[PDB]
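One structure is given below, encoded as structure tokens.
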Amino acid sequence: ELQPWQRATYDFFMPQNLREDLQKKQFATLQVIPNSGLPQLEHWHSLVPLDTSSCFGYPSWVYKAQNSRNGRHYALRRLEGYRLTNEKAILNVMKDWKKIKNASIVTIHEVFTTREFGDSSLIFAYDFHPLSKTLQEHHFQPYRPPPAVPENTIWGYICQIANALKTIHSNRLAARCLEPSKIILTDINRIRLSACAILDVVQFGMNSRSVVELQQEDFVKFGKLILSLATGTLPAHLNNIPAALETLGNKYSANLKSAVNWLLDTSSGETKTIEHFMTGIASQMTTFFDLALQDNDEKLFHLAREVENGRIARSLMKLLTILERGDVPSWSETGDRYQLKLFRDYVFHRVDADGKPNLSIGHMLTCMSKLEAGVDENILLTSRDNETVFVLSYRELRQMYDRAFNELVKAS
Amino acid sequence: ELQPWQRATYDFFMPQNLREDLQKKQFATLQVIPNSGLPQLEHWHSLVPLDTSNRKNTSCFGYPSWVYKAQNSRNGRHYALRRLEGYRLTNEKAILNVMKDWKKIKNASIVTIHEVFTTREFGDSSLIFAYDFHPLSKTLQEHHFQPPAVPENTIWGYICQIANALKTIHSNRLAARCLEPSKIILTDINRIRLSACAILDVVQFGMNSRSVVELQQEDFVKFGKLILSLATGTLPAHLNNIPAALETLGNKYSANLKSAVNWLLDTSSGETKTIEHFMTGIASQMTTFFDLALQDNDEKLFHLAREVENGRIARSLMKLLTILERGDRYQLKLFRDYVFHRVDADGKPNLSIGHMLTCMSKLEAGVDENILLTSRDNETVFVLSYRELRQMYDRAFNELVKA
Amino acid sequence: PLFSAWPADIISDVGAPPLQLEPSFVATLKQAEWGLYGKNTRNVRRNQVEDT
Ligand SMILES: Nc1ncnc2c1ncn2[C@@H]1O[C@H](COP(=O)(O)OP(=O)(O)OP(=O)(O)O)[C@@H](O)[C@H]1O
Ligand SMILES: Nc1ncnc2c1ncn2[C@@H]1O[C@H](COP(=O)(O)OP(=O)(O)OP(=O)(O)O)[C@@H](O)[C@H]1O
Ligand SMILES: [Mg+2]
Ligand SMILES: [Mg+2]
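Chains as they are written, first to last, in the authors' numbering: chain B, 207 to 259, 265 to 353, 359 to 543, 547 to 631; chain A, 207 to 353, 363 to 542, 555 to 630; chain E, 355 to 406.
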């Protein structure tokens, strides 16, 4: 119902949905409990529980916490009743996984034991991702049955996981946990492995399998995860792999069936490598490279507009500081400042032909932007009396505006 | 040697200085020229030339070409206008058919084409192509050939983005016809976009008889030559001896790069080359650059979250400016004086931004905390809460709204 | 009601070209090193919305 040249007030600002998502996540990050019984660890405080209600060998809790050195928020995963018996279990694993930096893996910053919860506990410190939900929560939570995962979403998942496995396997490690419950949606279609270091520590020195063997099992788990998502059945419920594969074959492309089958197939004589798997999904990967860049551009668009809102804001403050001071005498009403007052009237005190005041936010933002830029465009400022008129460029105005402000700075 | 791409640092798409970059690009978008000779077109105004040097060069299109930043009057947005000077369109079907194909195309590695139109408004026959505007873009030619070794990673990054463009173009039964360094623009750090896509399709519309598949095979060769030019620092026209250039590349870079470039150059294999086959061969690199794109996504989101309140702060300051001094009101004037006209004990002005933000924040919220507004001469004084103040300002504003 | 809240249904124009003045009129103005000033002859309300 709006002409292409005309904008509603809020079109000049960040769209409501994005604004609300950011605000909610800001709120989730800043949430605290002033007097919980929960302890402060030496470098961690303001612990906040996240558990609404498996992969590890211990009962586990997750807390949002704030680091005392840098003031940032991290997610602390606690394993209850873990006893330190070999420090290498903690130290070697921490050394290895601290190297790992990957967009599809929740970063591990620290692994440490503590008695501060009143038991022996093992703590893993992670990047905090506000308002995250697991793939299990998102796809398998009943009521009504959960809807069919679109094939495109699945290839998006496959590519992000392949990205994780590429980095994990190259560092001679294995992503050991690939359950829906230990993969988190940190944003729309954006998934991250969230429990990576943990299995390495708990099974340290008890596991007899080689690195390569654990890596082979990663592919099988990868396949079962996709199979769970395709057919809507929990991994625990996946009793019949072939029956699940056929369901997938009916609902999805042959290309997907082939990918899942390669991942499940332990019968070939061939050592499976993430390199070979990537080779088989190059086209999908290219598509998602493109979409990532497009999403970058979208975020950059909004970022550029809000940074400019900030610059405008600081400029409006400078304006208010300069105009109508109680004051040399009359400094505000004389010389450079006089034009600035007339400029303010031009920007903010517009009126229709009918004399009705005009409140178009678009005019105000643009004018302040042009002033900041010192544009070579002329405008017509009229005296309050209405007898006299002045024609100035924004460039000229900026010179005046800067001079007026620098005078105040000098006065110090 | 998978190592060069495996090594690439995580900041590959992240700007060195985001603050300065945004500010420069903001200024570039609003720039105009006080006395250009340039015309206003029916839907276009504020034309600004972007060509650094005013020299007639016709290399890719066969005609002199200019690029203008311009502002569309239909929607208020800025576009980049490619003008072919002295070009007369002889078949109108050329624009309609070509645009039907290319308007579908939306790709991170291709500058979107929106419109093609003829005009006499420059004082000649001219053909105009309207593109997305990318402020402060520079061509690969300007950037790599303007009087050191391009790192292999930068090259793989370029290769992945160009492959991304070619995937979309070839899938839509089209051909990127121009793959010259001068027609690929860096719109951001290590970020390239094909900038001349629609043009050859239009200019040669009747004349070119080669098939779609034939023009695509040529994409690969041109692609190969671009990489070869960058690797060895010699412009594509000077690339007289390809085998000699290939050995040079083989000495400075990995066997994988030599192999990829060789596949792109090879017309002898008897095999129809496909972008699907090429992507398959660079899958590892593509995954790395997918990761790097996503990490930049996280970086941008971080800054976005930090800047989210700026609109709210700006609108508040605007209402203050909208209400005051048009020609209760006295308290309002005193509040503005309290916030922005602070003075030191010595009578000198105080410019602490912190005071202004805290005050505007408390006003915004309508906090109950009480403040003391006094005229500088102490005769009159008021003790009010911010809650009371917001009530007052809003009433004034609602009066203004009524109209 | 937050103070930052502005009315949603207000419309702005964004496409318009910059103000072009009649050359006759510009002659009326008396040049200064920072710009031009003169007597308002036009029948436009002060700071009125201009349709370019
Ligand atoms: N790194 C993280 N940042 C933010 N939130 C996280 C992070 N890791 C996990 N969480 C959140 O903690 C919550 C609990 O996760 P957890 O995996 O412990 O429970 P679960 O998967 O429901 O358990 P179960 O496997 O028994 O069903 C989830 O909603 C998840 O989004
Ligand atoms: N979509 C765009 N947005 C912003 N700037 C662009 C866009 N496309 C091209 N430019 C810029 O316009 C300038 C001129 O580009 P153009 O390719 O026309 O000339 P050139 O490459 O310098 O010389 P030649 O025309 O001989 O190739 C370049 O600096 C380029 O970065
Ligand atoms: Mg839990
Ligand atoms: Mg040019």
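Backbone N, C-alpha and C fix where the C-beta goes; we use that ideal spot for every residue, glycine too.
Could you name the residues of chain B that residue i contacts, counting a contact when the two beta carbons are closer than 8 angstroms?
i         : result
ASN281(A) : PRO210 and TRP211
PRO240(A) : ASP595 and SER612
Let me know the secondary structure DSSP gives residue i once reduced to three states.
i         : result
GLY392(E) : strand
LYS575(A) : coil
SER484(B) : coil
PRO221(B) : coil
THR215(B) : helix
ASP403(B) : strand
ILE316(B) : strand
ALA234(B) : helix
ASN278(A) : strand
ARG521(B) : helix
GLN402(E) : strand
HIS568(B) : coil
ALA391(A) : coil
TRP272(B) : strand
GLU327(B) : coil
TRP371(A) : helix
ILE598(B) : strand
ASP367(E) : strand
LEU409(B) : strand
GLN558(B) : helix
Taking Cβ-Cβ distances shorter than 8 angstroms, what residues in chain A pair up with residue i?
i         : result
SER549(B) : Those within 8 angstroms of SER549(B) in chain A number zero; the least Cβ separation is about 15 angstroms.
Note down, in chain order, every chain A residue with its Cβ under 7 angstroms from the Cβ of residue i.
i         : result
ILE528(B) : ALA529
Rank the options by C-alpha distance to the C-alpha of residue i and give the top, closest one.
i         : options                                       : result
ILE580(B) : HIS251(B), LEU532(B) and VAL566(B)            : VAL566(B)
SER531(B) : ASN281(B), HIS568(B), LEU584(B) and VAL547(B) : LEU584(B)
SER444(A) : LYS560(A), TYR293(A), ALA470(A) and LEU346(A) : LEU346(A)
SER343(B) : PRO353(B), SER397(B) and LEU464(B)            : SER397(B)
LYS306(B) : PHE323(B), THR296(B) and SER265(B)            : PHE323(B)
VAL418(B) : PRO366(B), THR449(B) and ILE301(B)            : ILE301(B)
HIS349(B) : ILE374(B), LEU450(B) and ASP330(B)            : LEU450(B)
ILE370(B) : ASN455(B), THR447(B) and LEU599(B)            : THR447(B)
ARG569(B) : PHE562(B), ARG563(B) and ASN577(B)            : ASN577(B)
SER602(A) : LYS473(B), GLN209(B), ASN281(B) and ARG541(B) : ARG541(B)
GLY485(B) : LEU472(B), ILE528(B) and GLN432(B)            : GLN432(B)
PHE438(A) : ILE404(A), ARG294(A) and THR482(A)            : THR482(A)
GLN374(E) : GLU615(B), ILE598(B), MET422(B) and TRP308(B) : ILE598(B)
Can you list the residues of chain A that residue i reaches, using a CB-CB cut of under 9 angstroms?
i         : result
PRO576(B) : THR537, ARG541, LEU627, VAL628 and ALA630
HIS320(B) : None at all; the shortest Cβ gap to chain A is about 16 angstroms.
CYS375(B) : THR502 and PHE505
Give the residues of chain E in contact with residue i, contact being defined as C-beta atoms less than 8 angstroms apart.
i         : result
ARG617(A) : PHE357
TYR620(A) : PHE357
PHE609(B) : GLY389, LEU390 and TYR391
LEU599(B) : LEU373 and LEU375
Please list the partners that residue i has in chain B, where partner means a Cβ-to-Cβ separation under 7 angstroms.
i         : result
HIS518(A) : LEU519
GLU522(A) : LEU519, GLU522, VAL523 and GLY526
Following a CB-centred definition, is residue i positioned closer than 7 angstroms to any heavy atom of ligand 5?
i         : result
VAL254(A) : Absent from the structure shown: ligand 5. Ligands present: ligand 1, ligand 2, ligand 3 and ligand 4.
Along chain E, in chain order, which residues have C-beta atoms closer than 9 angstroms to that of residue i?
i         : result
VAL570(B) : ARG399, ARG400, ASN401, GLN402 and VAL403
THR215(B) : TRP360, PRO361, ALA362, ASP363, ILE364, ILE365 and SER366
Taking residue i as the query, report the chain E residues whose CB atoms sit under 7 angstroms from its CB, ordered along the chain.
i         : result
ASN605(B) : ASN394 and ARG400
May I ask you to list, following chain order, the residues of the segment 370-399 of chain E that have a beta carbon less than 7 angstroms from some beta carbon of chain B? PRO372, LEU373, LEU383, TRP388, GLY389, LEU390, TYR391, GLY392, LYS393, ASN394 and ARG399
Output needed in chain order: residues of the segment 579-590 of chain B with a Cβ under 8 angstroms from some Cβ in chain E. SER579, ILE580, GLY581, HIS582 and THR585
Three or more C-beta pairs closer than 8 angstroms, one from the segment 309-319 of chain B and one from the segment 500-512 of chain A: is that the case here? yes
Would you call the segment 333-340 of chain A in contact with the segment 366-384 of chain A, where contact means no fewer than 3 C-beta pairs closer than 8 angstroms? no
Can you find at least 3 beta carbon pairs, one from the segment 316-325 of chain A and one from the segment 403-414 of chain A, that sit closer than 8 angstroms? yes
Measuring CB atoms only, is the segment 514-524 of chain B touching the segment 363-372 of chain E, in the sense that at least three cross pairs come out at less than 8 angstroms? no
Kindly confirm or deny that the segment 604-613 of chain B and the segment 239-249 of chain B touch, where touching means at least three C-beta pairs closer than 8 angstroms. no
Kindly confirm or deny that the segment 250-259 of chain A and the segment 269-287 of chain A touch, where touching means at least three C-beta pairs closer than 8 angstroms. yes
Given 8 angstroms as the limit, is there contact between the segment 608-619 of chain B and the segment 383-391 of chain E, that is, 3 or more CB pairs closer than that? yes
Indicate whether the contact test is met: 3 or more Cβ pairs, each with one atom in the segment 459-477 of chain B and one in the segment 461-475 of chain A, closer than 8 angstroms. no
Determine which residues of the segment 240-271 of chain A have a Cβ less than 8 angstroms from any Cβ of chain E, and write them out in chain order. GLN246, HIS251 and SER252
Closer than 9 angstroms, Cβ to Cβ, to anything on chain B: give me those residues from the segment 298-321 of chain A, in chain order. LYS312, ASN313, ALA314 and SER315
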